[PDB]
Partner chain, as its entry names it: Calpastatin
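Next up: a single chain in structure tokens, the form deposited without its partner chain.
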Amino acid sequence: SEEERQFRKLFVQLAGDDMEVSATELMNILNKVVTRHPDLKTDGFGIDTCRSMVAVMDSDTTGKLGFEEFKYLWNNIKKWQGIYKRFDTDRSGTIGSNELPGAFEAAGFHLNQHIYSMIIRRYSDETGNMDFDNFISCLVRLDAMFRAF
């Protein structure tokens, strides 16, 4: 419906002067998500993770995220946020070892030993839980990888 009309207003407002979303503007919008959802355990989205997101999502290499690049990422993020909440069945405000398999499958990813050992590990705490920002960050990198073998 007009939710597409809603998204265009979001993009234009967020992108500003240059019409593209930089890592800073991305950081702004992601921390707005954490602001509106205090039920999410998170230490916020740092500039480093947001620069990494842009680097792997900026496929036309403009250095920032254009309309189509931001729309793709944004819908993914909103979709993953829904998954994050849906799969946190122990109400920990995080996604743990018993929740992750289902969550990643719902996000459209198939896991393997490499992924668990080389990716998931670095994004989770000592009990295997990943907070909201790590969860989203891990998925952006995983999506960037899947879309590009």
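Positions refer to the first chain, counted from 1. If you superpose the two forms and keep the largest set of C-alpha atoms that fall within 1.5 Å, you have the rigid core. Shifts are known only where both forms have a C-alpha.
- Taking the mean C-alpha B-factor of each stretch as recorded, 108-116 and 94-102 are not equal, and the higher mean is that of 108-116.
- Between 59-67 and 23-31, it is 59-67 that carries the larger average Cα temperature factor according to the deposited entry.
- Per the PDB record, residue ranking by Cα B-factor puts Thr89 in the middle third of the chain.
- Compared with the other modelled residues of the chain, the Cα B-factor recorded for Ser124 ranks in the highest third.
Just so you know, the form deposited with its partner chain bound exists too; it's not on screen, but the next bit is about it.
- Mapping the unseen interface onto this chain, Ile77 counts among the residues with a heavy atom inside 4.5 Å of its partner chain in the entry with it bound.
- Although the partner is absent from this view, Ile29 contacts its partner chain in the entry with it bound, with a non-hydrogen atom inside 4.5 angstroms.
- Its partner chain is not drawn, but in the entry with it bound it has a heavy atom within 4.5 Å of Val33.
- At the 4.5 Å threshold, heavy atoms of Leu40 reach its partner chain in the entry with it bound.
- Along 113-127, not one residue places a heavy atom within 4.5 Å of its partner chain in the entry with it bound.
- Core-based superposition between this form and the one not shown shows that, of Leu100, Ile83, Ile115, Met27, only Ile115 has its Cα displaced by 2 Å or more.
- Expansion of the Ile115-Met53 CA spacing by 3 Å or more is recorded in the entry with it bound, set against this form.
- Between the C-alpha atoms of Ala144 and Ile120, a gap widened by no less than 3 Å is obtained in the entry with it bound, as opposed to the form on display.
- Listed in sequence order, the runs of at least 3 residues with C-alpha movement of 2 Å or more between this form and the one not shown, after fitting the core, are 1-7, 112-121.
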